[PDB]
Ligand SMILES: Nc1ncnc2c1ncn2[C@@H]1O[C@H](COP(=O)(O)OP(=O)(O)OP(O)(O)=S)[C@@H](O)[C@H]1O
């Protein structure tokens, strides 16, 4: 033998990358690259947690979690962006429970949104598969990795075969075009077709609600905690928190404050948030409305926060 572990570690470790991929071996500390592709999630907090500024384009994302925790509110946002930037979004509904005016308020352009309501789970994966091949799409989202039942099981082993099939036959395709895919999975525990997905998924988000956003009266919404358990595009395990107001989505202004203080730019103490000499207000909800009505200063915080971190 001879070399200093390191010089022999990164040698093989590099050997690994060549043979299996990029995100194969990683040292959780790394700042590792930035592929100019990434869909903001609307949550500066989350997409800085993803390590690239948003959900990677040309990968398959899995957003699991209990109900009423936000998974979709995110996806719906996800669409809102990659769509407000010239992209074409397709939503493969198998839940039949999408609210438009909720979406309308999050930035999605419903009218130029492709909605399909498959009959089988085998069909849903196809129109999604042939639809993802036209390269026309940017972001496609399948609602309910669960509500994708095969034909049998409606006349007379299971889905994780259907899924597995669909995934292989689609992961390849998915990236030659550049369409990142989202899958909402959910309530089969709390404290189906997994297998396949749990392994193709380049990134897996754990969206669980933590607290009901009280607002003097009863409450404006809910605060969510996402844990990116699997990340192949950067270092995994980072987590992020943010607020969701009842019918108004992820609170941008509110998200900046959190980031605005945990990184300095905004000073507290006295329950009086103050952005360098200039105060905002007393009570996160009042300095939240200060940002909400002052995009000017707001941008600046958001601006500084991204420099200080991920471009
Ligand atoms: N039409 C609506 N009106 C008001 N608030 C809504 C509406 N749709 C969703 N919300 C809020 O958004 C949050 C959860 O987003 P959901 O769509 O339920 O995401 P999940 O991803 O939690 O979804 P299932 O899986 O529960 S739809 C809740 O805290 C709700 O208050």
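Here, residue 1 is simply the first one shown, and the rest follow in order.
Including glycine, each Cβ sits where the backbone N, Cα and C put it.
Together with 68, 69, 70, 71, 72, Swiss-Prot lists one candidate of 186, 239, 248, 279 for binding phosphate, that being 186. Nothing from the binding-site residues 69, 72, 186 places its Cα within 10 Å of the Cα belonging to residue 101 (ATP binding site). Of all Cα pairs drawn from 68, 69, 70, 71, 72, 73, 99, 100, 101, 102, which the record names as binding ATP, the longest spans 19 Å. In the deposited coordinates, residue 191 and residue 192 are the last and first modelled residues around 10 missing ones; Cα to Cα they measure 16 Å.
Classification of residue 101 (ATP binding site) by DSSP places it within a helix.
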